[PDB]
Each structure stands twice: as C-alpha cells, then as structure tokens.
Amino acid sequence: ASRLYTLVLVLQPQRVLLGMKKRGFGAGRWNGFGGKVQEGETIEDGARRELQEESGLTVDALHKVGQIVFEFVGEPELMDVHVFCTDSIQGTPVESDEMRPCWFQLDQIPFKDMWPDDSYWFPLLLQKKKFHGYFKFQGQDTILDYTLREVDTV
C-alpha cells in the first residue's frame, strides 16, 4: 500500500522556484510545493491546491514529469510522490505558514539544504526528461537503496 503525495516545481528558462519548509515534515529543507492528496480530489487538483496554499500561486497547466516512491524503514506505507512542473505561473509567490519561497538560478540549486534524493533526480527534471524513481530511507538523511530511470509515460 502507498499514500499519494504531490510535488510541484515552477521551472522557468533561467530559474526554479523553491520553498523553505518552515514547520512539520522536512522543515529546514528547500523543496517544491506539495503535500498529501485528499479523498475527493484528483492528484493534479491536489497539486494545484497545495501550490496555492503554500505560495499563493495558481497555474494554467501542470505537466507530469515524474513519480518517486519512498520507503522509510519501519513505516508500513510507501510514499508515492507524483511530480509536476510548470513554466507559466499566475501571481507573485508569497510566504505562507508552511513555506518561504525564493527563486534560484539553475546553477545555484541548494542541494545540500534539500532532501538527499533531489540531487539524484533533479538533473532529469532540468533536462526535461520524465522519470520514475525509488528511494529507501533510514530516517530522513540516509538513502539505503535507490533506482532511477527515464520513462516515456509518467
């Protein structure tokens, strides 16, 4: 069994939008915007909802770019993260209770202050290639196993 999550990257020709997580799971790391998918909403709907709640931004179209499955040792549910990207946003990003947003140049992505898996799959994201990933974590800092492959359909 798995639980559905979303992650949204606003990726524009020269820059990417990340949020510093201010509380809760992953506090203290820069990440895309996202969260749990609710009963009664599509994955895409959930992605737009979390983007709006965390940054105030709305989007015309979200594109599926990846799926990443996480195992945390000792936790029964796998995390099934559906990753989306967009290049056209509506509005200016603003800070929320959960996220403090900032733009980063593509050669200055703060990988040391991100989830360790990002260093593995972000290159594929930046090359506009679709991917399937799997990461086994012990705790929040240690990757024990992983797989990563490019796909034709996410």
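Here, rigid core means the biggest group of C-alpha atoms that superpose within 1.5 Å across both forms. Start at 1 with the first residue shown and count on from there.
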Notebook entry, point to check: When the core is superposed, where do the C-alphas shift more in 6 other deposited structures of this protein: in 116-124 or in 91-99?
Noted result: 91-99
Next item on the list: Could you check which stretch, 96-104 or 124-132, carries the larger mean CA temperature factor in the entry?
Entry: 124-132
Note to self: Quick check: 111-119 versus 55-63, which has the larger average CA B-factor in the record?
What the structure shows: 55-63
Notebook entry, point to check: Thinking about Cα B factors across the chain, which third does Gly40 belong to?
Noted result: middle
Checklist line | CA B-factor placement of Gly34, once the chain's modelled residues are sorted into thirds | finding: middle
Checklist line | Lowest, middle or highest third - CA B-factor, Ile68 | finding: middle
